[PDB]
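Shown below: protein.cif, with mmCIF, N, CA and C atoms.
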data_work
loop_
_atom_site.group_PDB
_atom_site.id
_atom_site.type_symbol
_atom_site.label_atom_id
_atom_site.label_comp_id
_atom_site.auth_asym_id
_atom_site.auth_seq_id
_atom_site.Cartn_x
_atom_site.Cartn_y
_atom_site.Cartn_z
ATOM 1 N N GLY A 1 188.133 164.849 62.421
ATOM 2 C CA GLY A 1 188.249 164.192 61.132
ATOM 3 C C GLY A 1 186.949 164.209 60.354
ATOM 4 N N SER A 2 186.913 163.471 59.249
ATOM 5 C CA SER A 2 185.721 163.408 58.410
ATOM 6 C C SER A 2 185.383 161.963 58.053
ATOM 7 N N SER A 3 184.097 161.696 57.851
ATOM 8 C CA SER A 3 183.640 160.354 57.508
ATOM 9 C C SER A 3 184.600 159.688 56.526
ATOM 10 N N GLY A 4 184.671 158.362 56.585
ATOM 11 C CA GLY A 4 185.552 157.627 55.697
ATOM 12 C C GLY A 4 184.859 157.195 54.419
ATOM 13 N N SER A 5 185.055 155.938 54.037
ATOM 14 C CA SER A 5 184.448 155.404 52.823
ATOM 15 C C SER A 5 184.434 156.454 51.716
ATOM 16 N N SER A 6 185.544 157.171 51.574
ATOM 17 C CA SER A 6 185.659 158.209 50.557
ATOM 18 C C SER A 6 186.588 157.765 49.430
ATOM 19 N N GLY A 7 187.814 157.401 49.792
ATOM 20 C CA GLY A 7 188.780 156.962 48.801
ATOM 21 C C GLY A 7 189.723 158.070 48.379
ATOM 22 N N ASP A 8 190.906 158.099 48.982
ATOM 23 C CA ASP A 8 191.901 159.116 48.664
ATOM 24 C C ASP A 8 193.189 158.476 48.154
ATOM 25 N N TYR A 9 193.795 159.101 47.151
ATOM 26 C CA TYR A 9 195.032 158.590 46.569
ATOM 27 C C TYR A 9 196.055 158.275 47.656
ATOM 28 N N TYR A 10 196.474 159.304 48.382
ATOM 29 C CA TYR A 10 197.451 159.139 49.452
ATOM 30 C C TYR A 10 197.144 157.897 50.284
ATOM 31 N N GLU A 11 195.882 157.756 50.679
ATOM 32 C CA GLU A 11 195.457 156.614 51.479
ATOM 33 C C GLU A 11 195.664 155.308 50.718
ATOM 34 N N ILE A 12 195.087 155.228 49.523
ATOM 35 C CA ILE A 12 195.209 154.035 48.694
ATOM 36 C C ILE A 12 196.625 153.472 48.746
ATOM 37 N N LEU A 13 197.611 154.362 48.715
ATOM 38 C CA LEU A 13 199.012 153.954 48.760
ATOM 39 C C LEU A 13 199.450 153.671 50.193
ATOM 40 N N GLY A 14 198.994 154.505 51.122
ATOM 41 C CA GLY A 14 199.348 154.327 52.519
ATOM 42 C C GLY A 14 200.390 155.324 52.984
ATOM 43 N N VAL A 15 200.141 156.603 52.725
ATOM 44 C CA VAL A 15 201.065 157.659 53.121
ATOM 45 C C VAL A 15 200.316 158.874 53.654
ATOM 46 N N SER A 16 201.064 159.910 54.018
ATOM 47 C CA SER A 16 200.471 161.133 54.547
ATOM 48 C C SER A 16 200.196 162.132 53.426
ATOM 49 N N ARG A 17 199.347 163.114 53.713
ATOM 50 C CA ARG A 17 198.997 164.132 52.730
ATOM 51 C C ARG A 17 200.153 165.107 52.522
ATOM 52 N N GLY A 18 200.883 164.926 51.427
ATOM 53 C CA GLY A 18 202.007 165.796 51.132
ATOM 54 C C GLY A 18 203.304 165.031 50.962
ATOM 55 N N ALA A 19 203.196 163.720 50.771
ATOM 56 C CA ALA A 19 204.369 162.874 50.593
ATOM 57 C C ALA A 19 205.078 163.189 49.281
ATOM 58 N N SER A 20 206.407 163.207 49.322
ATOM 59 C CA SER A 20 207.204 163.499 48.136
ATOM 60 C C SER A 20 207.148 162.340 47.146
ATOM 61 N N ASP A 21 207.838 162.498 46.021
ATOM 62 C CA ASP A 21 207.869 161.465 44.992
ATOM 63 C C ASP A 21 208.454 160.167 45.541
ATOM 64 N N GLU A 22 209.721 160.218 45.942
ATOM 65 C CA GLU A 22 210.396 159.045 46.484
ATOM 66 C C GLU A 22 209.471 158.267 47.415
ATOM 67 N N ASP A 23 208.819 158.982 48.324
ATOM 68 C CA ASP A 23 207.904 158.360 49.274
ATOM 69 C C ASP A 23 206.763 157.654 48.547
ATOM 70 N N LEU A 24 206.095 158.380 47.659
ATOM 71 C CA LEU A 24 204.982 157.825 46.897
ATOM 72 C C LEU A 24 205.414 156.575 46.136
ATOM 73 N N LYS A 25 206.587 156.644 45.515
ATOM 74 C CA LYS A 25 207.117 155.518 44.754
ATOM 75 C C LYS A 25 207.345 154.310 45.658
ATOM 76 N N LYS A 26 208.294 154.436 46.578
ATOM 77 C CA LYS A 26 208.609 153.357 47.506
ATOM 78 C C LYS A 26 207.344 152.617 47.929
ATOM 79 N N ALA A 27 206.406 153.349 48.521
ATOM 80 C CA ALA A 27 205.149 152.763 48.970
ATOM 81 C C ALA A 27 204.413 152.093 47.815
ATOM 82 N N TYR A 28 204.173 152.852 46.752
ATOM 83 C CA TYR A 28 203.474 152.332 45.582
ATOM 84 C C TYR A 28 204.033 150.972 45.174
ATOM 85 N N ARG A 29 205.357 150.881 45.103
ATOM 86 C CA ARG A 29 206.018 149.638 44.725
ATOM 87 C C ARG A 29 205.684 148.522 45.710
ATOM 88 N N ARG A 30 206.131 148.681 46.951
ATOM 89 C CA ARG A 30 205.881 147.686 47.987
ATOM 90 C C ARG A 30 204.490 147.077 47.831
ATOM 91 N N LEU A 31 203.547 147.883 47.356
ATOM 92 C CA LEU A 31 202.177 147.424 47.160
ATOM 93 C C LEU A 31 202.050 146.624 45.867
ATOM 94 N N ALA A 32 202.309 147.283 44.742
ATOM 95 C CA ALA A 32 202.228 146.632 43.440
ATOM 96 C C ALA A 32 202.838 145.236 43.485
ATOM 97 N N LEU A 33 204.059 145.145 44.001
ATOM 98 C CA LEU A 33 204.754 143.866 44.101
ATOM 99 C C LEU A 33 203.892 142.833 44.820
ATOM 100 N N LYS A 34 203.097 143.297 45.779
ATOM 101 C CA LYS A 34 202.221 142.415 46.541
ATOM 102 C C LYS A 34 200.929 142.143 45.779
ATOM 103 N N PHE A 35 200.513 143.106 44.963
ATOM 104 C CA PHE A 35 199.292 142.968 44.176
ATOM 105 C C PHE A 35 199.615 142.796 42.695
ATOM 106 N N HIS A 36 200.802 142.269 42.412
ATOM 107 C CA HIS A 36 201.234 142.051 41.036
ATOM 108 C C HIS A 36 200.684 140.734 40.496
ATOM 109 N N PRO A 37 200.270 140.743 39.220
ATOM 110 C CA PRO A 37 199.718 139.557 38.560
ATOM 111 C C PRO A 37 200.775 138.486 38.312
ATOM 112 N N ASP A 38 202.041 138.886 38.371
ATOM 113 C CA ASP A 38 203.146 137.960 38.154
ATOM 114 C C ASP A 38 203.579 137.313 39.467
ATOM 115 N N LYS A 39 203.551 138.093 40.542
ATOM 116 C CA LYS A 39 203.939 137.598 41.857
ATOM 117 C C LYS A 39 202.757 136.939 42.562
ATOM 118 N N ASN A 40 201.624 137.634 42.580
ATOM 119 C CA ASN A 40 200.420 137.116 43.221
ATOM 120 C C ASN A 40 199.811 135.985 42.399
ATOM 121 N N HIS A 41 199.098 135.088 43.073
ATOM 122 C CA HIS A 41 198.461 133.959 42.405
ATOM 123 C C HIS A 41 196.971 134.215 42.207
ATOM 124 N N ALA A 42 196.354 134.876 43.181
ATOM 125 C CA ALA A 42 194.931 135.185 43.112
ATOM 126 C C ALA A 42 194.694 136.532 42.437
ATOM 127 N N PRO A 43 193.601 136.624 41.665
ATOM 128 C CA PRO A 43 193.237 137.850 40.950
ATOM 129 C C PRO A 43 192.783 138.958 41.893
ATOM 130 N N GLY A 44 191.927 138.603 42.847
ATOM 131 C CA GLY A 44 191.430 139.580 43.799
ATOM 132 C C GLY A 44 192.468 140.627 44.149
ATOM 133 N N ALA A 45 193.703 140.187 44.362
ATOM 134 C CA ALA A 45 194.790 141.096 44.706
ATOM 135 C C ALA A 45 195.191 141.949 43.508
ATOM 136 N N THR A 46 195.417 141.297 42.371
ATOM 137 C CA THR A 46 195.809 141.996 41.154
ATOM 138 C C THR A 46 194.831 143.120 40.827
ATOM 139 N N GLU A 47 193.545 142.787 40.786
ATOM 140 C CA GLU A 47 192.511 143.770 40.484
ATOM 141 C C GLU A 47 192.806 145.098 41.173
ATOM 142 N N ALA A 48 193.303 145.024 42.403
ATOM 143 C CA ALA A 48 193.630 146.219 43.170
ATOM 144 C C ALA A 48 194.745 147.013 42.499
ATOM 145 N N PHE A 49 195.807 146.318 42.106
ATOM 146 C CA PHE A 49 196.943 146.959 41.455
ATOM 147 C C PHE A 49 196.479 148.098 40.551
ATOM 148 N N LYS A 50 195.488 147.815 39.713
ATOM 149 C CA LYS A 50 194.951 148.813 38.797
ATOM 150 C C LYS A 50 194.645 150.116 39.530
ATOM 151 N N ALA A 51 193.941 150.008 40.652
ATOM 152 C CA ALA A 51 193.586 151.176 41.447
ATOM 153 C C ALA A 51 194.832 151.874 41.983
ATOM 154 N N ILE A 52 195.625 151.144 42.760
ATOM 155 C CA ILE A 52 196.845 151.694 43.335
ATOM 156 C C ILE A 52 197.528 152.652 42.365
ATOM 157 N N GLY A 53 197.943 152.127 41.215
ATOM 158 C CA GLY A 53 198.603 152.950 40.220
ATOM 159 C C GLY A 53 197.870 154.252 39.966
ATOM 160 N N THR A 54 196.617 154.151 39.534
ATOM 161 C CA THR A 54 195.808 155.330 39.251
ATOM 162 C C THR A 54 196.099 156.448 40.245
ATOM 163 N N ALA A 55 196.218 156.086 41.518
ATOM 164 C CA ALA A 55 196.499 157.059 42.567
ATOM 165 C C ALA A 55 197.926 157.585 42.459
ATOM 166 N N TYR A 56 198.880 156.670 42.326
ATOM 167 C CA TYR A 56 200.286 157.042 42.216
ATOM 168 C C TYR A 56 200.517 157.948 41.011
ATOM 169 N N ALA A 57 200.082 157.489 39.842
ATOM 170 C CA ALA A 57 200.238 158.258 38.613
ATOM 171 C C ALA A 57 199.855 159.719 38.827
ATOM 172 N N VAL A 58 198.945 159.956 39.766
ATOM 173 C CA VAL A 58 198.493 161.309 40.069
ATOM 174 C C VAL A 58 199.492 162.035 40.963
ATOM 175 N N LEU A 59 199.594 161.588 42.210
ATOM 176 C CA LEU A 59 200.513 162.195 43.167
ATOM 177 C C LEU A 59 201.918 162.300 42.581
ATOM 178 N N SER A 60 202.224 161.422 41.632
ATOM 179 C CA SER A 60 203.535 161.415 40.992
ATOM 180 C C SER A 60 203.735 162.673 40.151
ATOM 181 N N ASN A 61 202.645 163.176 39.581
ATOM 182 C CA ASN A 61 202.700 164.374 38.752
ATOM 183 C C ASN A 61 202.454 165.626 39.588
ATOM 184 N N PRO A 62 203.136 166.723 39.227
ATOM 185 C CA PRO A 62 203.008 168.003 39.929
ATOM 186 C C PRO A 62 201.648 168.655 39.704
ATOM 187 N N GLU A 63 201.122 168.510 38.491
ATOM 188 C CA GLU A 63 199.827 169.086 38.148
ATOM 189 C C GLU A 63 198.688 168.234 38.701
ATOM 190 N N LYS A 64 198.850 166.917 38.620
ATOM 191 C CA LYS A 64 197.837 165.990 39.112
ATOM 192 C C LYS A 64 197.838 165.943 40.637
ATOM 193 N N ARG A 65 198.985 166.250 41.233
ATOM 194 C CA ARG A 65 199.116 166.243 42.685
ATOM 195 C C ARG A 65 198.631 167.561 43.282
ATOM 196 N N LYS A 66 199.306 168.649 42.925
ATOM 197 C CA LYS A 66 198.945 169.971 43.424
ATOM 198 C C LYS A 66 197.443 170.207 43.300
ATOM 199 N N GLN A 67 196.866 169.754 42.192
ATOM 200 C CA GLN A 67 195.437 169.916 41.954
ATOM 201 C C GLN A 67 194.625 169.024 42.888
ATOM 202 N N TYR A 68 195.181 167.865 43.221
ATOM 203 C CA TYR A 68 194.506 166.920 44.105
ATOM 204 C C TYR A 68 194.564 167.395 45.554
ATOM 205 N N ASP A 69 195.676 168.021 45.921
ATOM 206 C CA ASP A 69 195.857 168.526 47.277
ATOM 207 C C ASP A 69 195.043 169.797 47.497
ATOM 208 N N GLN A 70 195.049 170.677 46.501
ATOM 209 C CA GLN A 70 194.312 171.933 46.588
ATOM 210 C C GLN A 70 192.809 171.680 46.640
ATOM 211 N N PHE A 71 192.287 171.029 45.605
ATOM 212 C CA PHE A 71 190.864 170.725 45.532
ATOM 213 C C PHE A 71 190.606 169.251 45.829
ATOM 214 N N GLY A 72 191.079 168.383 44.939
ATOM 215 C CA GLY A 72 190.890 166.957 45.122
ATOM 216 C C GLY A 72 189.960 166.358 44.085
ATOM 217 N N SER A 73 189.996 165.036 43.954
ATOM 218 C CA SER A 73 189.153 164.340 42.987
ATOM 219 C C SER A 73 187.796 165.023 42.861
ATOM 220 N N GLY A 74 187.087 165.131 43.981
ATOM 221 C CA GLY A 74 185.781 165.763 43.975
ATOM 222 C C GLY A 74 184.649 164.755 43.936
ATOM 223 N N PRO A 75 183.451 165.219 43.552
ATOM 224 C CA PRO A 75 182.262 164.366 43.467
ATOM 225 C C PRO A 75 182.350 163.363 42.322
ATOM 226 N N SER A 76 183.456 163.404 41.588
ATOM 227 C CA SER A 76 183.663 162.500 40.462
ATOM 228 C C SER A 76 183.330 161.063 40.852
ATOM 229 N N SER A 77 182.449 160.436 40.080
ATOM 230 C CA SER A 77 182.041 159.061 40.345
ATOM 231 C C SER A 77 182.434 158.145 39.190
ATOM 232 N N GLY A 78 182.471 156.844 39.460
ATOM 233 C CA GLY A 78 182.833 155.883 38.435
ATOM 234 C C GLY A 78 181.696 154.940 38.097
#
Any chance you could put this one into structure tokens?
Amino acid sequence: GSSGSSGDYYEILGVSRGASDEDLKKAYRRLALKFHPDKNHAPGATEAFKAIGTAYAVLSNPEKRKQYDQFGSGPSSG
């Protein structure tokens, strides 16, 4: 394997590398609902929701996914 503390979309959601849409969705949801600002009471959790999506929105798209699987986010920093 390779060092962690990297941050991968698939991981953020909690799936394997190459998960289909349905899979990405199901998981993404189960999470959002838990980190939702309407369901959750504490912000700490909500703040995460923002991240989760960002990952899903990618794997959800064929261009954003295929590109992420082939190369990946990269050295891109925030």
- Please measure the separation of atom N of residue A:27 and atom N of residue A:63, giving the value in Å to one decimal. 18.9 Å
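Using only C-alpha atoms, the residues found no farther than 9 Å from stretch 67-78 of chain A, other than those of its own chain fewer than 2 positions away, are residues 8, 9, 17, 18, 58, 59, 62, 63, 64 and 65 of chain A.
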- What is the atom CA of residue A:23 to atom N of residue A:49 distance in Å? 18.5 Å
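Separating atom C of residue A:26 from atom C of residue A:57 is a distance of 13.8 Å.
Point (193.7, 151.0, 44.3) has the following residues at most 12 Å away: residues 7, 8, 9, 10, 11, 12, 13, 14, 28, 31, 32, 35, 44, 45, 46, 47, 48, 49, 50, 51, 52, 53, 54, 55, 56 and 57 of chain A (atoms considered: only C-alpha atoms).
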